[PDB]
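Reading the structure
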There are 12 protein chains.
Amino acid sequence: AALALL
Amino acid sequence: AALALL
Amino acid sequence: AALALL
Amino acid sequence: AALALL
Amino acid sequence: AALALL
Amino acid sequence: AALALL
Amino acid sequence: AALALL
Amino acid sequence: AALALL
Amino acid sequence: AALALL
Amino acid sequence: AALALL
Amino acid sequence: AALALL
Amino acid sequence: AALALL
């Protein structure tokens with residue numbers, strides 16, 4: 001699982 | 001902006 | 001099981 | 001935003 | 001089962 | 001907006 | 001804008 | 001499953 | 001933002 | 001099991 | 001900005 | 001598992 005905030 | 005993979 | 005908040 | 005898998 | 005809020 | 005699968 | 005896949 | 005906010 | 005796997 | 005806060 | 005992998 | 005803040 002992965003999560004990115006940009 | 002955001003992206004999640006699960 | 002999995003849960004994401006974004 | 002949210003996502004659940006169960 | 002799955003649930004998404006967006 | 002929302003989506004459920006069960 | 002948003003996109004969900006489940 | 002995947003969710004994107006942009 | 002948060003993610004749980006169980 | 002795993003939990004991430006970001 | 002942030003990114004998590006778990 | 002990995003987490004980056006930038």
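In terms of determination method and resolution, the entry is listed under X-ray crystallography at 1.122 Å.

Now for the sheet that holds strand 1 (residues 2-5) of chain A. With antiparallel pairing, six strands are arranged side by side in an open sheet as 1(G)-1(H)-1(B)-1(A)-1(K)-1(L). A strand with exactly one partner marks an edge of an open sheet, and here the two such strands are strand 1 (2-5) of chain G together with strand 1 (2-5) of chain L. Mean inter-strand twist for the sheet, computed between neighbouring axes without regard to direction, equals 0 degrees. Relative to strand 1 (residues 2-5) of chain B, strand 1 of chain A runs antiparallel, the two sharing four bridges. Bridge pairing in strand 1 of chain B links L3(A) to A4(B).

Pairing in this open sheet of six strands is antiparallel, and the strands run 1(F)-1(E)-1(D)-1(C)-1(I)-1(J) from one edge to the other. Both outer strands of the open sheet, strand 1 (2-5) of chain F together with strand 1 (2-5) of chain J, are each paired with one neighbouring strand and no more. Across this sheet, the average inter-strand angle for adjacent strands is 0 degrees, counted without regard to direction.

Taking C-alpha atoms as the reference, chain A and chain G come no closer than 14 Å and do not contact one another. For chain G and chain J, which are not in contact, the least C-alpha distance works out to 20 Å.

A few words on the nonpolar core. Core analysis: the biggest nonpolar cluster contains 16 residues, and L3(A), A4(B), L6(B) and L6(C) have the highest contact counts within it. Secondary-structure elements contributing two or more residues to this core are strand 1 of chain B, strand 1 (2-5) of chain C together with strand 1 (2-5) of chain K. When sequence neighbours within four positions are dropped, the list of residues in contact with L6(B) reads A1(A), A2(C), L3(C), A4(C), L3(D), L5(D) and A1(H).

Let us now look at the interface of chain A and chain B. Taken together, the contact pairs six residues of chain A with six residues of chain B. Three residues, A2(A), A4(A) and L6(A), lead the burial of chain A against chain B; their summed loss comes to 67% of the area buried on that side. At the junction of chain A and chain B, the tally comes to zero salt bridges. Our enumeration of links across chain A and chain B arrives at three residue pairs in polar contact. Grouping the amino acids of the side of chain A that touches chain B by side-chain chemistry returns six nonpolar, no polar and no charged.

Right, let's talk about a nonpolar patch on the surface for a bit. A cluster of nonpolar residues, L3(F), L5(F) and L6(G), forms a patch on the protein surface that exposes about 220 Å² of accessible area. As for its position among the elements, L6(G) is in the segment after strand 1. In this structure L6(G) comes out as partly exposed when scored by relative accessible area, which is 31%.

Rules used throughout
Residues numbered from 1 in each chain as written, not as in the entry; some residues may be left out. Chains lettered and ligands numbered in written order. Heavy atoms only, no water. Pairing = 2+ DSSP bridges. Helix = DSSP H or I, 4+ residues; strand = E, 2+ residues; numbered from the N terminus. Axes fitted to C-alpha atoms, helices over the stretch in contact; angles between N-to-C directions. Contact = heavy atoms within 4.5 Å. Core = buried A, V, L, I, M, F, W, Y, C linked by side-chain atoms within 4.5 Å. Buried < 20%, exposed > 50% of the residue type's maximum accessible area, 1.4 Å probe, protein only. Buried area = accessible area lost by both parts, 1.4 Å probe. Salt bridge = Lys/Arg side-chain N within 4 Å of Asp/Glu carboxyl O. Polar contact = N/O pair within 3.5 Å; in protein donor to acceptor, adjacent residues only side chain to side chain. Nonpolar A, V, L, I, M, F, W, Y, C, P; charged D, E, K, R; others polar. Patch = residues over 30% accessible without salt bridge, like charges linked within 9 Å, V, L, I, M, F, W, Y side chains within 5 Å. Areas by Shrake-Rupley, 256 points an atom, 1.4 Å probe, with all protein chains shown as cover.

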